[PDB]
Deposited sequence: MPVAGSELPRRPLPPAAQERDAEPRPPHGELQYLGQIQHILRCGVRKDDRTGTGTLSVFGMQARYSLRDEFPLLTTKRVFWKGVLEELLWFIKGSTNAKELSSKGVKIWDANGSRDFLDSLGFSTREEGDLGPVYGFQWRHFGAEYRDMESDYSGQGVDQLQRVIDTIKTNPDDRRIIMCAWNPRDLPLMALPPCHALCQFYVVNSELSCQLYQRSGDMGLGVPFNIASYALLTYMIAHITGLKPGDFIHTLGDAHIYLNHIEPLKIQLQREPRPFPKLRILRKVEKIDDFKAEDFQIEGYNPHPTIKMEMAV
């Protein structure tokens, strides 16, 4: 049986020559490849990278924050991970279209609730191919008219198994990717749990897969680390609404990672 992490490791190796130099919005250098995909089983295991310790605390805490539709940067910083932070992911996932006044204004029932709509569609028409949700980059909102939507993450159902595919126009292989894998795999676990489905697969598809220059050395060392069996996520309680989730409902098990690896 193959390992899911060998995919990430292998993608890193592929970027490191056969990667091409390319500057980003800031001008910092990176090695980039266009077009990548990887599949992670969510069946009796959670894709929490082992070749390095992933900040699971931040993953969970940040997700609960986005699910709360909160645009209050303080509401996250107080949770132990990091006031008006503009219309971030949360405001889009719950109020897609509604105009953001401030972190104190009220948006109940305002704008399209992408998240709930996915849940509803899962339980009213699981064969649907339009179970898509659609985060944006705040920075682009004012830039032009009708900007494209940094990431989108179509869901799929079959044989009582909920799968998820995340597509990102650009991916930070060194820091972003490992975090996002776990992140969306968690979201999938939540959606699956409230829809009465079993986690199936999580597919991560990228457009511009890039490695930042100053991350090359740490990553080269990380490639020399032998992957360990993925952990197991457990939802030790019964939840019916996505909003009713609490950081205490989930529990990582069997997580034996390699030392943490700092990256700028």
item: Deposited-sequence segments unaccounted for in the coordinates; value: 1-25, 108-128, 311-313
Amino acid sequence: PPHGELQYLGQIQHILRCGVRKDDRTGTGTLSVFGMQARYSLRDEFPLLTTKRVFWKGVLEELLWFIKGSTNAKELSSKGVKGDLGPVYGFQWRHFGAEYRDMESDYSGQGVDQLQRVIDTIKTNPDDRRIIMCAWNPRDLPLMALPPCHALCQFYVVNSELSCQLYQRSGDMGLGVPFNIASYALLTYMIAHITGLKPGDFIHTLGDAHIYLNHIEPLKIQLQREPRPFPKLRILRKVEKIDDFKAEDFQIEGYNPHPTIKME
From here on, numbers count along this sequence of modelled residues.
property	result
Of 166-174 and 123-131, the one with larger mean CA B-factor	123-131
Higher-scoring stretch by recorded Cα B factor average, 40-48 or 61-69	61-69
Residue, from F179, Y100, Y156, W136, that the PDB entry assigns the highest Cα B-factor	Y100
Identity of residue with top Cα B-factor, from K82, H150, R117, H193	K82
Chain third (lowest, middle, highest) by recorded CA B-factor, residue given as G29	highest
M263 CA temperature factor, ranked by third within the chain	highest
Chain third (lowest, middle, highest) by recorded CA B-factor, residue given as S160	middle
Third of the chain, ranked by Cα B-factor, where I15 sits	middle
Among modelled residues of the same chain, the CA temperature factor third for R237	highest
